[PDB]
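Chains as they are written, first to last, in the working numbering: chain F, 1 to 117; chain Z, 10001 to 10114; chain U, 20001 to 20217; chain C, 30001 to 30065; chain L, 40001 to 40084; chain H, 50001 to 51419.
Ideal Cβ placement from N, Cα and C applies to all residues, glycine included.
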Amino acid sequence: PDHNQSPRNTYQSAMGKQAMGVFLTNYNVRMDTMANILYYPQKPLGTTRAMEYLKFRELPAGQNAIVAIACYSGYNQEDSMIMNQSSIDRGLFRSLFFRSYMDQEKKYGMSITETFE
Amino acid sequence: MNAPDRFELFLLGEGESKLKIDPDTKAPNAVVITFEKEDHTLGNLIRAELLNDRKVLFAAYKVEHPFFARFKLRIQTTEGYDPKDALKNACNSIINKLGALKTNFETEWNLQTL
Amino acid sequence: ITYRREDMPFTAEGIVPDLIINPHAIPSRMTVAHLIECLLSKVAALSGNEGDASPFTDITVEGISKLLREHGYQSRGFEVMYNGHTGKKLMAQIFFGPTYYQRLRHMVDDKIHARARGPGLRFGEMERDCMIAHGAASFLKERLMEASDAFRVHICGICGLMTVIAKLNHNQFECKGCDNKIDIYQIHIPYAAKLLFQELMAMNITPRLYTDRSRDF
Amino acid sequence: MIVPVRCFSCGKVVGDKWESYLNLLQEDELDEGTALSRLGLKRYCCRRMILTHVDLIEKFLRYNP
Amino acid sequence: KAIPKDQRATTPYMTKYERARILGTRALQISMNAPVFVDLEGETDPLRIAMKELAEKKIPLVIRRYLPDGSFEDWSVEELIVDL
Amino acid sequence: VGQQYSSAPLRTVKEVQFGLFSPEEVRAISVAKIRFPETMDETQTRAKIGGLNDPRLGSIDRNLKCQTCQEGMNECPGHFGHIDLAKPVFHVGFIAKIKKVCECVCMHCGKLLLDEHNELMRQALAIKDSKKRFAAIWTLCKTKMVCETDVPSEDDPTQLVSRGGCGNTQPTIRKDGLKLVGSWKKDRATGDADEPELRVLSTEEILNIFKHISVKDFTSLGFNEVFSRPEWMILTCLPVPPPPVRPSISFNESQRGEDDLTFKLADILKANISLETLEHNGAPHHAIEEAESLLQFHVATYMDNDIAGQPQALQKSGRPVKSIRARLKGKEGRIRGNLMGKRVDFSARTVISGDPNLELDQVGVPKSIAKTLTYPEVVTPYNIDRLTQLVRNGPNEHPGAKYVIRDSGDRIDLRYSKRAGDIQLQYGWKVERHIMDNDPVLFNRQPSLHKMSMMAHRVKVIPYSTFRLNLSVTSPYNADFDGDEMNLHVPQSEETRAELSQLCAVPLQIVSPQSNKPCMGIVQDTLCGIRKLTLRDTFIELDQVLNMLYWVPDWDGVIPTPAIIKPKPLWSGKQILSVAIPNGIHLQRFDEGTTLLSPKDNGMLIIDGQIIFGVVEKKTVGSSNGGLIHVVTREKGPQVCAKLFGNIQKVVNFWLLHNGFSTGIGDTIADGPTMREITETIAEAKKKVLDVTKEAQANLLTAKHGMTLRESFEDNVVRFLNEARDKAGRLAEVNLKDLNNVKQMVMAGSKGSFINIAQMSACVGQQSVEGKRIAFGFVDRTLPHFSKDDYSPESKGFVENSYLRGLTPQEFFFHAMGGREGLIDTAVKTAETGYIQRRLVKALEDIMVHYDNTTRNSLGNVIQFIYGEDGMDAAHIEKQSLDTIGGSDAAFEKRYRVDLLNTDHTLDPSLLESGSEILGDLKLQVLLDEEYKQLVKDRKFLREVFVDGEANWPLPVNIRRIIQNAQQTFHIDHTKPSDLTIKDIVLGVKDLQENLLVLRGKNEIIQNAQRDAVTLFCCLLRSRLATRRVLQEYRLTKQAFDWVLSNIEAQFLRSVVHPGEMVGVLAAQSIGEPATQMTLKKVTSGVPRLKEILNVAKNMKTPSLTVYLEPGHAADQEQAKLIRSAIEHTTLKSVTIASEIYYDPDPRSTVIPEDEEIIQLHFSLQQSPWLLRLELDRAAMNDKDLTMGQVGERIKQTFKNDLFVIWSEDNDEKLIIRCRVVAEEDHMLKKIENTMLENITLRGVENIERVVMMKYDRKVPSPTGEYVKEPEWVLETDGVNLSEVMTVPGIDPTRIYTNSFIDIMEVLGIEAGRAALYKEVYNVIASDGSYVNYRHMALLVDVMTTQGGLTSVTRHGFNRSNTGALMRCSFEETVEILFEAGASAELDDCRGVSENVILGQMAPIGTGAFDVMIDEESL
Ligand SMILES: [Mn+2]
Ligand SMILES: [Mn+2]
Ligand SMILES: [Zn+2]
Ligand SMILES: [Zn+2]
Ligand SMILES: [Zn+2]
Ligand SMILES: [Zn+2]
């Protein structure tokens, strides 16, 4: 982070919060409104030391893309990316997504029940 | 959901031909052909064969959009030389060149131990 | 866009990128870390050794360079690459490397919301001010017009009031108070404006809808 | 979760080489750099596969149902 | 309040907004099968026909330009120079 | 609508006249009288009673019968009822106003208590804002409580003048909900007049007083003689709204039904009746009063539900309530809910992605979104098959339709319809098809601050989700593809289609009004690529040429003959790019060292659409002013240009794809040595800083005048460290090779500036918070890692390292500090700018250029007598060179002097055909003399205007180009003599000028206006089509020339602003949009300043004067000083070392030694023993050019005799003022000592605190003609006092300027005010390098100035700024806005966009600013 323009660290610090990883290992067992689990969470090839205490190599949020900085077909201009479709097929950046919905039964209604049927 | 079924890339859905032949208007003895469900694989091939042929004045191909599987091919051939025949000819020219390679290979493959 | 492996530009090694970003994203962010991580991430992958990208270490683009170079790649990350369509070499060399990418939520499909209705995403004051600048009044009309029926009223040409008693069959128009029978107009307004005006009259307030611009002036 | 079957980038079958790598590591006390090259993973594109991988499954098979 | 055909101080040229709106209004007619004035030398699309009618000075409309005082000039689309 | 007929003309509300219902009218218009407070069951016989819900009013029961107006519940516009109020009643809304009027008029004669006789009242009366006058009058009249009988006239106070002969005292009127209470007094506490008398001012009293207010008196209030009389604010007679306002939910039959207004009225009527049934029956007083206040309550509650309670007893024992205010709480808020853009229909939003394969004006719509949005297309023989094909395709196959809508307006829902595949489309049915390829859709990106960010594109249905944009349409929208969503909106009607594609269509937006340039360029890849492709070293093998060629769809199939045919057929990179370019396109530009051999492949020449030389980058192919897009747009049409983006992109992109462009860390590394130079460069500044440190710690740094040591030490350090970072940064930019990918982007123009390379490669440079080095947050040290009082760069926040090198933790944290400053006020700039732009618009929203070329607001006020002073549309103006203005007088003569009678300065017989027979032609040389004296006035005129000497001014019609087109269109050879006559040129051009017409009025005033509006374009024109010029340089034949004339005339007309132009909005969003880019020497600049300026804040942050010294003495550094001192406010405080109060009792001998000599000296050719002794400091004493005598006799003339003053003279080593009072002494002195140190003005103008001199380089004409810089000393002051400073001897009082445009106004008048205000607003917009075409700021600055004063933009009104009562219904109380509109007779012009939306009409804006009618002429 010492090689970044100052604000850029700030931005990252936010987006990291919207990375998909493996929030918990017990995720299969929690019913939480939104869940995003990465198929193939990889450790970053570029770890930090603080990363150890953060359990990042353990519950990593992201994968190591083979990345080319190239003007290619013209389709990666102004902050788009040309992603490798094949890579996608073989699983790169796939994610589970668990939306879990909740519904209850009646509040106080004198025999005004709600029936799951 | 918007994602078109991946087969649509190598498989012709209905009404589409392999080739549409259009008579280029802008120039004499030229033709524009649209290959449906092909891509560069073929395009760049046929073109650089079409281009060797000397009674061909012009050969070019383009895939106008990465989304769609198809490409256009323009061949301008000399007066009295039919581009379809130039295609046919450059097509054969390939089939024969690959036969060679297929042979040469299976050949040089057998001599190998492993 | 996603290209398939065929089309991607490939490296001599037959490796091809999972991900092509644009170089124009680079100088203006000053995002050198991305490059140095990428440099490192490469060495790391090649060398099995986890790449320490911790801040304030004594690690260096120059050191990471040396290691990559030892691994038989050009040390500044670049790699000769071959255009996938043609096979021809790329004239320029392409900075190539692993880099940790995060996949963020709020995915396309969640934000395709297309609420077209026959029987952001708004057209707010600012887009209104935009269409004005454009001169595009009928669009402004079409777009701000409520579903409220274009209800038809009649008006006195003296007091722009909705006090016109219209015997339409008989072709008879009387505005009492003004003594009007000939100088009377018919205008369509949304019924919800008709109402608002009557509500305004109800509250002792004359909203006079005239048909000429210049006054008795 | 578990080893991706194939290296994303190119598609080397990589998911037949995970236990053997864990061995190349533990029982043969080798380092990942040397070990990965022995499994044949020569291009970093396929190396990052195994070497980056986190085997969270062995933590999932620790819960009861 | 009206201003005689002579003494028109307003542009003899059609304004981009006027064209926008003739073409609009004219196409809105052409689109509901009201009769066309020119030869449809191929065209199926209303606006494109409306434009062809304007082009061949065959739109039968008068534009009423209001001045800010309230008076107005009338111009016939025929009269109006279309040069935009 | 309502398929019945009515002979009545069909019209559109042009004006809404607001007023109050006189009780007279309320009856006159009414149909009922309404007595019975019930309905139906007349002894049980159902229907209605002649009391409510029927007497004549709207019907129910499906009955058409309705006063013979027939029709029924859907076609009848409910007729109005009537209800007499037994007693006068305050209409709730005006209780406020009523009270207020009652405070202004006498409560007995109805006579305005303050007349034209009182002077503070004529200023109150003269105000034209009916609302602001009433307020100004009221704040003046509420003081009065005595309706004066005799008033001091305009003469002697001895002499009284009579007025309203009624002497009675007024009550001070306070409110109590619905009762106004009045309390009198025969003066405040005077004998036999004490104790007020509280009596409730009843409605009956006030109404009669209101009636006695004269047509003159109440008109000088808001009130309208005709529309709103004060009396009418008082209800006597109540309108009864019929059943459509107040419904009856009769559930089929045999059940009650009447709305909550009906009951609320029923209770009014009850109270009314029981108030009558107490007068008719007779009663006590606090019984009718009680019966009155019950009525008054029910009328009140009927309209306003916000008084002493809520009467909720209407058919329900649980108690809810609805008034007509609280009806508008669901009808002023359901109209406003739909006035805010909520029910967003036929629109669609998704991520945008760029796509180099769409045309510039396309928008890739995903199929799935395409399938969702419909277009109602009318079935038409031209389209019967296609439409039929769709209807078969259905809701799910793409080129399908959702709904087929038949004549009867029925909707066959093709999705769930048993006849989905069995519909015979008949002519005149609507099919609601999907949008398909080529539908005009309006594609917009919020926040949309910019006509250019709502553009119309052709649809192109595509596969995956996400809208797809052509990359070049990118910055018009300020859109990138990192997650931006965009809204697509499908125009629904055919004219609405036409409008989009005819006005907003993206091609029509290339050259934008905002900066009279293109606003869409070639960008990112395509730019970077084009530069590369264009280099000389770029050559293309035949094999790849053919593709590139074939890629350009507009290619004509001719393979260009290669620029190299030798060993290998080999095309230039330029050659093929030159096929993207169409023919007839030329472009000349020259850089620093371009020639016609342009070594550096510099500059640009394109001829007939072959770029002949120059690297094509931003300059050419970007959005820049002169560039190839500007050119192609004007020269060849918008569409043909739009297609150019496509071609260029396609070619270049194709090229780039097979060439490849990248950027690595290698691109960001400096040459080993450069790094040592860089490291040296920095370490060379740390000495400089260190030397200044040592210097200052020694106390050897002299504070720069009016700047502290510490203030000026930092100033130096910061500049050193910047000079460093910068000379450091250059040191790496020069290094980096032309291979360098980073520099390779930088050359081309695509993202990347110097500071970027600079920070990545050389030094990051000094961080800074609140424009200072990092501050000592810990005590006297910036981190706990430094020692106390460490002022080094490293400590105080210089980041030494590049980002490549990495930052130290301190550097990292200081960078983080500077960074956080950035984001914090990047959030401020976003938030304030967000709101300025919304104010700027609201301000100028209604300004439009009407058919007379005048520019007017909604009211009709002339803001500009011709739009932006020249009647040109800013999108048709180019920067052009006014050549008459520049160069030596010598040069002027060389170019433009044609003197036939002079074998030397004649046109040479080679240029001209009749070239020889011209020599010595008196008659001609009288024409050519006319020409030249005219060119001379011209040069003179121009130098009067552009005092600066600035040659290059945005003008319409690029004359240079037209000529360059002539010379190519005619193949003019610069070898044979031209066939022109002098008379041809000289008269031709003279004749041409008479043809450039912005204005057409035949009268003199307009012809004069027209002559002016065209003045500037004409000097350009005269200087371009000068006789020598035409022949010497241009070489135009009679043919080309005659062409140039008719072209100049053609384009000039094309350049004239179209009546219709929402020129104001344009002007507001031309000032706003760029401000939404201001993301950042010591004067407030940028948005704080913009929010300062627009706010017309009298309390500015950085008030400055800028005074220029009288012409003859500019260089005199000593006179600059002498003025500085005689201006800078210099107090005794600033010149006194210390004060001391001694007891020193003998006024001869003295207990102070150093003063014995001074009392002796004041005895050569009463007093207290307490002495105030001031010791003064020479330093600042002679610095401010001051005498002891002067300081002295100042204090001695400040304290009259009330102080005995004596002072040491100017030789004595200690300077001393000794002062005595002349016993409570020691205290009067500490007062006087302070009255001295603070108050007394030794020298200068008050409020001028700092006064800095500065050398300003000035452009001034030398004797020989050409513009020479002449340095001038210029005092700049902290503090403004323009009046008193203006007058100071030796300044150029002509030029003295302040940024406080407010003081300028107040001293120099409004016209100068405006001038200055424009210079301020423009400085704000110039300070971020940005340009905004003059007319936009003019129009803002004109609007701020139209009414005699500086009227602020950033809202002044709580209601309006220029908004009709109908328009965007502001406050949760529109009722309140409408109430006042009633009372003040607000006259709505319906030129609003909302009023007309409320009215179901299009605005008289632009395309709706004229009417279309059916011509009976066309044969
Ligand atoms: Mn961006
Ligand atoms: Mn963005
Ligand atoms: Zn009337
Ligand atoms: Zn691989
Ligand atoms: Zn009726
Ligand atoms: Zn009086």
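1. Looking at chain H, which residues of the region 56-85 of chain F have a Cβ within less than 7 Å of any of its Cβ atoms?
2. Following a CB-centred definition, is H:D50537 positioned closer than 6 Å to any heavy atom of ligand 1?
3. I'd like to confirm the pairing. Which residues does DSSP put opposite H:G50019 in its beta bridges?
4. Can you name the start and end residues of the alpha helix (DSSP H) that H:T50496 belongs to?
5. Check whether the Cβ of C:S30009 sits closer than 6 Å to any heavy atom of ligand 4, and report yes or no.
6. Around the C-beta of H:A50874, are 16 or more other C-beta atoms found within 10 angstroms, so that it is buried, or is it exposed?
7. State the start and end residues of the unbroken beta strand (DSSP E) segment that holds H:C51219.
8. Across the region 20026-20046 of chain U and the region 50742-50761 of chain H, are there enough close Cβ pairs to call them in contact, namely three or more that are closer than 8 Å?
9. For F:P41 and chain U, any beta-carbon pair shorter than 7 Å?
10. Going by Cα to Cα distance, which pick from U:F20010, U:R20076, U:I20036 and U:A20192 is closest to U:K20089?
11. Check whether chain U comes within 7 Å of Z:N10044, counting only Cβ atoms and requiring the distance to be less than that.
12. Rounded to whole angstroms, what is the Cα-Cα separation between Z:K10102 and F:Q85?
13. Does DSSP put H:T50474 in a helix, in a strand, or in coil?
14. With 8 Å as the C-beta to C-beta threshold (strictly closer), list the residues of the region 20051-20074 of chain U near chain C in chain order.
15. Between the alpha carbons of H:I50522 and H:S50472, how many angstroms are there, rounded?
16. When the Cα atoms are used, what is the spatial distance from H:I51071 to H:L50701?
17. Chain Z partners of H:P50366, CB-CB under 7 Å?
18. Could you please tell me which residues of the region 22-47 of chain F, in chain order, have their CB closer than 8 Å to any CB of chain C?
19. How about Z:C10091: is its Cβ closer than 6 Å to a heavy atom in ligand 4?
20. When the Cβ atoms of the region 51370-51378 of chain H are set against those of the region 51023-51032 of chain H, are three or more pairs found closer than 8 Å?
21. Keeping to the same chain, check which residues put their C-beta closer than 8 Å to that of H:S50059; ignore five residues upstream and five downstream.
22. Which one of H:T50674, H:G50627, H:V50631 and H:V50621 has the shortest CA to CA distance from residue 49950 of chain H?
23. In chain U, which residues lie with their C-beta within 8 Å of the C-beta of F:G16?
24. What residues from the region 30038-30057 of chain C come within 7 Å of chain U, judged by C-beta to C-beta, listed N to C?
25. Counting C-beta neighbours from all protein chains within 10 Å, is the total for H:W50551 16 or more, i.e. buried, or is it exposed?
Short version:
1. Among the residues of the region 56-85 of chain F, those with a Cβ less than 7 Å away from any Cβ of chain H are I69, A70, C71, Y72, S73, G74, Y75, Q77, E78, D79 and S80, in the order of the chain.
2. no
3. U:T20206
4. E50494 to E50499
5. yes
6. buried
7. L51215 to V51221
8. yes
9. no
10. U:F20010
11. yes
12. 30 Å
13. coil
14. none
15. 6 Å
16. 44 Å
17. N10002
18. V22, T25, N26, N28, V29, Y39, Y40, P41, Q42, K43, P44 and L45
19. no
20. no
21. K50065, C50066, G50072, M50073, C50076 and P50243
22. Absent from the model: residue 49950 of chain H. The displayed extent of chain H is 50001 to 51419, so no value can be given.
23. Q20102
24. Contact residues of the region 30038-30057 of chain C toward chain U are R30043, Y30044, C30045, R30047, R30048 and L30051 (C-beta to C-beta distance below 7 Å).
25. buried
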